[PDB]
Amino acid sequence: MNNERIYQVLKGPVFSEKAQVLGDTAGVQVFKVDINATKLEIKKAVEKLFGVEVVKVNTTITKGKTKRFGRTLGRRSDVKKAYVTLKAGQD
Amino acid sequence: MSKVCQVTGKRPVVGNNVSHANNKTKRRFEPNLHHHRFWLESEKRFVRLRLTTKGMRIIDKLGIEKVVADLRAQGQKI
Amino acid sequence: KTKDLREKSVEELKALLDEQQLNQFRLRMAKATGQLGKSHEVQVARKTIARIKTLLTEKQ
Amino acid sequence: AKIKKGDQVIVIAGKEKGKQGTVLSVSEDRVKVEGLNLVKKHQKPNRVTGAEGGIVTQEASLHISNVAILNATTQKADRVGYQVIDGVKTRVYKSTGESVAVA
Amino acid sequence: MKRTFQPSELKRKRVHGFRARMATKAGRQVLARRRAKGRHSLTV
RNA sequence: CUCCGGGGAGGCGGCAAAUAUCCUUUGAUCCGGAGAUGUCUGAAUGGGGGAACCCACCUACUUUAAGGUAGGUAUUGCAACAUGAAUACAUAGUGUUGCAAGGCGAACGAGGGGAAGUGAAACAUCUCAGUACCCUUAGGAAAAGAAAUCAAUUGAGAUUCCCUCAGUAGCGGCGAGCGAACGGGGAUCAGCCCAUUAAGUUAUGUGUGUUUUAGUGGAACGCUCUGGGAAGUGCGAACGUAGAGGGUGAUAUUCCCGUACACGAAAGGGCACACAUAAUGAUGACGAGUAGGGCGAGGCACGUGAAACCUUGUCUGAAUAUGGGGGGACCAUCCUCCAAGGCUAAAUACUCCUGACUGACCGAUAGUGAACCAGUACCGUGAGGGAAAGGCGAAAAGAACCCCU
RNA sequence: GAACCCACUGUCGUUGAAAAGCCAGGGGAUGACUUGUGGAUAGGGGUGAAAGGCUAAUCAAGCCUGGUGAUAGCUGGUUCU
RNA sequence: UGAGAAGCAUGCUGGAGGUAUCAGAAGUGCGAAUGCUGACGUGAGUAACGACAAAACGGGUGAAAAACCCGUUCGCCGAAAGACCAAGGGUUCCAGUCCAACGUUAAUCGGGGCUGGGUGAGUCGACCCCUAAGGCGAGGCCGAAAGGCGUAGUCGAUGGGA
Ligand SMILES: NCCC[C@H](N)CC(=O)N[C@@H]1[C@H](O)[C@@H](OC(N)=O)[C@@H](CO)O[C@H]1NC1=N[C@@H]2C(=O)NC[C@@H](O)[C@H]2N1
């Protein structure tokens, strides 16, 4: 695992009611990640770039929606989400 | 892998059947092909060739070694 | 910036690339959170990353 | 010929024929002149940004071939040519050959 | 009543698929004709 | 993204306006040339597979955990090397290395197979027609080509293409139909070799010449009337190696872009000629299972006919310069040529594509199926079939505000 | 005799709820039985306890594209003075 | 106005092209072909509104309520008209907002438009190991070419493996 891949594994945080409740209650972070990322990649990336220790990672993939503007159809890209559990109180 | 003579290159050709009322239908003429084993002294062994009776006449007139050398020079596994 | 970029050694260029990628990731995080009003920072970070890789290939 | 963002021009065709001013912008084959070719815009207010609407007056572009550069000394319309004075290209008036006044 | 089309994706891909067309000379000719005509989708 | 050249004030591709952050005379956007990067599928080539996916191995470096970087790992043919049975020498087999090939794409070329509808006022010989179609495989062209050829005053002189000869001579259930040659007039013109071996061709480098891929300069018009607007009316003027074309609020040589003409290249490409090195031509040295013959077919305008000549599936089979082939059954005399070994430009055929220009060609039911987000929507399991749909205004100046709802 | 597989009679429906059905009755229902998934056989061919039946709502020779603008002594049509 | 196919003048609309004379060339004249494409009639405000399990009232919102929401009664299924899985489909799932078109009526409602959310596995399934029918198939045998068959192998679940 190299630094170049490390800087591309993560994309951004998720802003939603479910993510907010999870963070405020169980100390779980929700991230948008690269579609080809693996759980070990996500763990090492979070541990290196946020200085917190990761207990376990859960991932899920949501297919993009197909919808119409005017007279043409289009599709959005798939999004992979990561539920990262931290130990005790961190971040 | 075909009805082709190794020595002369003969192969089936096409033609017509012609009846007494002059009706014409397609046919082919085939060569008088078959397998034959020839003793080769230079290599102490039998070589099996698929050839015609005209191929045997050529072999009888020229010798087996000359014919085998010609085929090898033409690029055949003999 | 390529003018002064070319005036550096291989080891300096590789390090420069390293903190440039780190900075690009940090700007991406900041913009995703909404703390970054200016995106030309991200654009120039991308651009200089490309420039450094080009110069490294040329110099090697 | 050429007409740039700073020159003083005179309108030679259209409803504004005979008037003069300073060009504001040049893009493709259309030019805007300060105080010339005004239009009335019925602007709806912008709910997001406030800015209650009204009727505003603004410039409208003319075709670039409808304006000519102005010769200050003679106060007449003139064409533009190019001359290599010393080692650099410069614009000159066709009628006199003198250098074109800067903005 | 039972109609003619009873869909099955595995059978569809094995009968009319890209590799099935590539496997024979006539299938390659079919793909060549469709490319020449300019179809947006070559196979099922 | 980088460098080199051009250019000189705007720019951040389009639908598609607004907006924001912005870049740029320390030279941006843009145009031309050369480089860097270039995920996955697909001949796809590490194995597999339902294309864009699943599973691997070996090296070198790197990590301390469960990985990362780069390289390699297909088959077949040829060559060298190594290894190696029945079987004693050997051969078969096996492996390593190096080289080459495969796939796609318009038409034209060459070769291997090859119909029927139809006409004959029915139909079988015949025709359609070696056409349609299938298969293999080249090149910028291919093929052919330097007489064992024609002619019949003893003359011409390799191949290819066009005009005549001529719908003639002939062939033909002598039906329907098929259909030459000799000679003459043109286009283009060229010959060179078989073991010490030629002309010619293909690569590489150099030299010279031309052409091409950005660009620069480039003349000359005013007044008046109508009009929303002048290029239009009326009156006078200027340039012309430039009165081609396009645009500008209606119809412009003199408003803009241009045109005639004159200049222009860091770097790269094509073509031409000349030198140097390769290599090819070039397993071949005057042509034997060959010419000729018997049987069955095919090709020649020529359907077995008085049927010469060419090719050969089958069976045979010479002479070899005091020799041999041809001159439309066959014989004699004359005339002419030398097969059974090769190479060779031009005149000829075609257009997926590129640049410029042209039309008594179309103008949205026309012209491509498609002027518009078209091989799309839609139909079909699939091969496949296959549409409709252009126009506000010169400029959005695209209707602030009030009223009914 | 239920499920399940069939299809003997009648009414209705026939521009249907349905390009072959509903309702009331009817037959087999441990067997030469019914059924899912995946395979094989291709057009003068296949398969058929045999009706010229079936082979994608198409069968005395499937569908698609080409020969092809097949041929028609037949029928229709053929535009101003 | 002329014997005719037709010609000429002018009012209104329209907003930029038209074209004498004499020659020249044709995609040169339509009512019919159960002709082709588009638009619009008559039937006619006629038939029908898709299982005869069935509805009634109070309140709410709303421009508008037989059909939406809440409540009180009535009725129907209950070896399926309930609860799951595979195949197949692909966002139809949840919340807010809108009612032109779609829904065989209206609709404030919706599987309709717009915006934003939502699918968390060492143990479930797939992937993976193993093979059936069958497919492909290094060499090989056969065939004018294209190709046919097949050995070693390699794939292939509807079956076996924590
Ligand atoms: N261009 C086409 C001409 C068609 C013919 N004319 C038709 C004809 O007459 N056929 C007859 C017919 O079939 C029958 O005799 C009868 N009359 O019934 C046989 C009995 O031998 O003889 C046939 N004749 C031939 N057979 C020979 C052959 O095939 N080759 C060579 C020569 O010998 C040919 N002539």
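Values below: all heavy atoms of this structure, side chains included; hydrogens, waters and symmetry mates excluded. Order of the sequence lines sets the chain letters (A, B, ...), proteins ahead of strands, with each chain counted from 1.
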Check your understanding: Watson-Crick or G-U wobble, both distances under 3.5 angstrom: are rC12(H) and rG150(H) paired?
Key -> no

Review point. Is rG27(F) paired with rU241(F), either Watson-Crick or G-U wobble, both distances below 3.5 Å?
Key: no

Check your understanding: Both distances under 3.5 Å, Watson-Crick or G-U wobble: does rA279(F) pair with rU201(F)?
Key -> yes

Practice item. Indicate if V52(A) and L49(A) have the same hydrophobic cluster label, given that clusters are the connected sets of ILVMFWY residues with side-chain heavy-atom separations under 4.5 angstrom. Key: yes

Check your understanding: If each of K17(D) and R39(E) is mapped to the nucleotide of RNA chain F with the nearest heavy atom, which maps nearer the 5' terminus, i.e. the 5' end?
Key -> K17(D)

**Study point:** Under-4.0 Å side-chain N/O to phosphate OP1/OP2 contact, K4(D) with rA9(F)
**Key:** yes

Check your understanding: Counting distance only, does the side-chain N/O of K17(D) pair as donor-acceptor with the main-chain N or O of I12(D) below 3.5 Å?
Key -> no

Review point. North or south: where does the sugar of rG45(H) fall when you read the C1'-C2'-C3'-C4' torsion?
Key: south

Exercise for review: Report the distance from atom NE2 of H16(E) to atom P of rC63(G), rounded to the nearest whole Å.
Suggested key: 18 Å

Revision key, fill the gap. By nearest-heavy-atom nucleotide on RNA chain G, the more 5' of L10(E) and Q6(E) is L10(E)

Point to revise | Parallel, tilted or perpendicular, as decided by the 30° and 60° cut-offs, for the rings of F25(C) and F50(A) | key: perpendicular

Check your understanding: Would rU39(F) and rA18(F) count as a Watson-Crick or G-U wobble pair, both distances under 3.5 angstrom?
Key -> no

Review point. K81(A) near the nucleic acid: base, sugar-phosphate alone, or nothing, with a heavy-atom cut-off under 4.0 Å?
Key: sugar-phosphate

Review point. Watson-Crick or G-U wobble, both distances under 3.5 Å: is that what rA181(F) and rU259(F) have going on?
Key: no

Check your understanding: What stem regions, each of at least 3 consecutive Watson-Crick or G-U pairs below 3.5 Å, can be found for RNA chain G?
Key -> G:4-6 with G:26-28, G:8-10 with G:23-25, G:45-47 with G:53-55

Check your understanding: What is the nucleic acid contact for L62(B), judged by heavy atoms within less than 4.0 Å: base, sugar-phosphate only, or nothing?
Key -> sugar-phosphate

Check your understanding: Base, sugar-phosphate, or nothing for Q29(E), non-hydrogen atoms under 4.0 angstrom?
Key -> sugar-phosphate

**Study point:** Spacing of the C1' atoms in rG173(F) and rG384(F) (rounded, Å)
**Key:** 46 Å

Exercise for review: Report yes if a side-chain nitrogen or oxygen of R12(E) is closer than 4.0 Å to either non-bridging phosphate oxygen (OP1 or OP2) of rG382(F); otherwise report no.
Suggested key: yes

**Study point:** Wobble or Watson-Crick pair present, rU216(F) with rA262(F), both under 3.5 Å
**Key:** yes

Check your understanding: Does a nitrogen or oxygen in the side chain of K61(B) sit under 4.0 Å from OP1 or OP2 of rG289(F)?
Key -> yes

Check your understanding: Which of parallel (below 30°), tilted (30 to 60°) and perpendicular (above 60°) describes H36(B) and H34(B)?
Key -> perpendicular

Review point. Watson-Crick or G-U wobble, both distances under 3.5 Å: is that what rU280(F) and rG200(F) have going on?
Key: yes

Practice item. Name the nucleic acid region contacted by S8(E), choosing base, sugar-phosphate or nothing; use a 4.0 angstrom heavy-atom cut-off, strictly under. Key: sugar-phosphate

Check your understanding: Is it true that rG153(H) and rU104(H) form a pair, Watson-Crick or G-U wobble, with both distances below 3.5 Å?
Key -> no

**Study point:** Euclidean distance for P, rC310(F) against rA120(F) (whole angstrom)
**Key:** 41 Å

Check your understanding: Between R28(B) and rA144(H), is there a side-chain N or O to OP1/OP2 distance below 4.0 Å?
Key -> yes

Exercise for review: Could you tell me whether the phosphate oxygens of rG217(F), OP1 or OP2, come under 4.0 Å of any side-chain nitrogen or oxygen in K89(D)?
Suggested key: yes

Point to revise | Short side-chain N/O contact to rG118(H) OP1/OP2 from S16(A), under 4.0 Å | key: yes

**Study point:** Pair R72(B) + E43(B), salt bridge at N-O below 4.0 Å
**Key:** yes

Review point. Between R50(B) and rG143(H), is there a side-chain N or O to OP1/OP2 distance below 4.0 Å?
Key: yes

Exercise for review: Examine the side chains of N46(D) and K44(D) and answer whether a donor and an acceptor come within less than 3.5 Å of each other.
Suggested key: no

Check your understanding: Under a 3.5 Å rule for both distances, is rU76(F) the Watson-Crick or G-U wobble partner of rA100(F)?
Key -> yes

Review point. How is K38(C) classified with respect to the nucleic acid when contacts are heavy atoms under 4.0 Å: base, sugar-phosphate, or nothing?
Key: sugar-phosphate

Point to revise | Salt bridge present between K44(A) and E47(A) (N-O < 4.0 angstrom) | key: no

Check your understanding: Can you tell me if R30(D) uses its side chain to pair, donor with acceptor, with the backbone of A60(D) under 3.5 Å?
Key -> no

Exercise for review: With P as the reference atom in both, quote the distance from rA180(F) to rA301(F) in angstrom, rounded to an integer.
Suggested key: 8 Å

Point to revise | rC102(H) and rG110(H) base-paired, Watson-Crick or G-U, both contacts under 3.5 Å | key: yes

